[PDB]
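Next come the chains, spelled out residue by residue.
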Number of protein chains: 2
Amino acid sequence: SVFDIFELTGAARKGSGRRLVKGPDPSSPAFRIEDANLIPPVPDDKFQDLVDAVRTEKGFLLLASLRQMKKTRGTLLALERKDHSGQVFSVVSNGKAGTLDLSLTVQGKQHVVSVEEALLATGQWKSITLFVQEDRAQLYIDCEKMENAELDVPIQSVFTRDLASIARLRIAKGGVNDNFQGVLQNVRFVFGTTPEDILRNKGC
Amino acid sequence: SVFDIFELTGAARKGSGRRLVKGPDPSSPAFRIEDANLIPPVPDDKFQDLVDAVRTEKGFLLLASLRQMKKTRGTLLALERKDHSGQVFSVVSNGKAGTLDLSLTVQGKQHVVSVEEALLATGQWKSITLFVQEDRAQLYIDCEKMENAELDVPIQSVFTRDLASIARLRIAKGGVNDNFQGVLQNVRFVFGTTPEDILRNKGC
C-alpha cells in the first residue's frame, strides 16, 4: 500500500551518499544528497512488490517533499537498466525549464513529456503529489492548481512482469548530469488512493 | 511516563551542536555531538514534568545508548544552575576511571559516587539502564552483571519543587572539559517501571 523509497533502499546507512537532516515532516528523516551514486538501489524483491502494485493499479500516486537548488535538473527517481545502457523510466524536477519531466522508454523508443507550470526548484521545501494512471499524468504542487500531461504510452507498459530482473529503482540519481541537488524526504509510492484523499490532509 | 531528552530539547534542529546519525535503534535518530553548548536545554515546562515524576517516584530509571571516544570523560546529562555557578546534578561516563560518576549538590555540599566496573568508553555502542531510588543506584550495562552504589543523599533532595526555576536539564554538556565526545541515542527517563522489566526485552 505504501512504498517509502528511502526505507526500501535502506538509505539510512552511516554516510553513504547523503547526510541525514531536517524535513517538514518531524516524524521522518530527510536526506541531503551528496553522492546519489552511493545511495543503494531498492532491493530486487522489494522492487518486485512495487512493480506488481503498479501493474494492479495501472498507475500509482507518488508523493515527495523536496528542497532543490535553483535552476538545476534533479532526478527524483529513475529505473535504470542493470546492464547500464540507460533508463527505462525517470521523474525529473527540471529547474531549467520550470517543469517536471517524465521519461519512459519502451524497447528503444524513449518518450518525454513535461508537466508545465511546475517550478519545484525555488530553493525552498516543496511537496508534490503526482498521480499517474494509464497514459495520464496529474501533478499537484503543495496546495496549488493541478497541472496535467499525457504519456505517449501507458505507464504499465514500462512496468513489465520481469522488470525487476532487468532494471532497478534508484533515487536522486539521473542520467546526463541529473543527480538531485538538495534535500529529499518521504519519496513514496502510495496505492489504493486517489490524489484528492491526499491534498485533503495538507492545508487544503 | 517517558521523557526522551533529545525530543524535549527539540534537539533535532538543523546543525546546532550535533550531526544526525545512525543508532542501534532503527526507529530513532542518533546524535553525534559536535558542540553540546549549542544543544538547547530542555524547556522549563517540559522539565517541570520530569521533576514532579521524579518527586512522585523518589527516583527514576534512565536509559541510554552511547558510543563514546576511548578514555574520555563525557557528561551524559546534567542539571546546571541558571545563574551559571555550577551543576546540581550530573551523570558522567568516566572513561579515565572506568566508572559512571553520579554527582549531587545539595546547597553547597557536592557529593560524588562512582559506580565501579563500568567501562562505557570502549569506542562501541553500549546501552545503559541506571535505576535510582532514594539513595540507591543500580547500573546495568547492556546485558551484564549489575553494579551498585550508594548516594550520600536521597535523589529527590536534588529534585526540589522549584528546581525548574533555578536550574535546567542539559544533555552531553559537562563542567570541567566534560562534554560528551561521541554519539548518543534514546536518552530517556522512564517512570513506573523497574529495571528488570527493561532488560527483559534486550536479549536477556
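Per chain, the count goes from 1 following the written sequence and can depart from the entry's numbering; residues without coordinates do not appear at all. The lettering of chains begins at A and the numbering of ligands begins at 1, in the order of writing. To obtain the side-chain values, all non-hydrogen atoms of the structure were included, while hydrogens and water were left out.

X-ray crystallography is the method the PDB entry lists for this structure, together with a resolution of 1.9 Å.

Under the PDB entry, chain A has the name Thrombospondin-1 and belongs to Homo sapiens. The title given to this entry in the Protein Data Bank is "The crystal structure of the Thrombospondin-1 N-terminal domain in complex with fractionated Heparin DP8".

Student: Break down the interface of chain A and chain B for me, with residues and values.
Tutor: Chain A puts four residues into the contact, and the matching count from chain B is four residues. At the boundary of chain A with chain B, total buried surface from both sides reaches about 500 Å², with 59% on carbon and sulfur atoms. The term buried area denotes the loss of accessible surface (1.4 Å probe radius) that occurs when two parts are joined, taken as the sum for both partners. It is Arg19(A), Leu20(A) and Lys22(A) that lose the most area in chain A upon contact with chain B, and together they represent 72% of the buried surface on that side. A carboxyl oxygen of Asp or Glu within 4 Å of a side-chain nitrogen of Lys or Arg is what we treat as a salt bridge. For the interface between chain A and chain B, the tally reads zero salt bridges. Contacts described as polar in this section are N or O atom pairs within 3.5 Å, which, within protein, must combine one atom able to donate a hydrogen with one able to accept it, while residues neighboring in sequence count only if both atoms come from side chains. Inspection of the region where chain A meets chain B yields zero residue pairs in polar contact. Charged means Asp, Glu, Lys or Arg here, nonpolar means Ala, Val, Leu, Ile, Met, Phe, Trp, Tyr, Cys or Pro, and polar covers whatever is left, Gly included. Its residues assigned to classes, the side of chain A that touches chain B comprises two nonpolar, no polar and two charged. Contacts are assigned to residue pairs with any non-hydrogen atoms lying within 4.5 Å of each other.

Student: Mind laying out empty space enclosed by the protein, listing which residues take part and the relevant values?
Tutor: Residue and element names in this part refer to chain B. Cavity: a set of points on a 1 Å grid over the protein atoms alone where a 1.4 Å probe fits but cannot get out. Pocket: an open set with protein on both sides within 12 Å along at least five of seven lines, its lining residues, like those of a cavity, having an atom within 4 Å of a point. Grid points are joined across faces, edges and corners, and a volume is the space filled by probe spheres set on the points. In this structure the tally under the stated criterion is one cavity of 30 Å³ or more. Looking at the largest cavity, its volume works out to about 30 Å³. What lines the largest cavity is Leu-102, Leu-104, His-111, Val-112, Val-113, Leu-151, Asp-152 and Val-153. Going along the chain from the N terminus, every DSSP run of H or I of four or more residues is numbered as a helix, and every run of E of two or more is numbered as a strand. Sorting the residues of the lining of the largest cavity by element identifies strand 7 (99-106) and strand 8 (109-115) as the ones contributing at least two each. Here the lining of the largest cavity takes three residues from strand 8, the largest share from any one element. Here the residues of the lining of the largest cavity are counted per class, giving six nonpolar, one polar and one charged.

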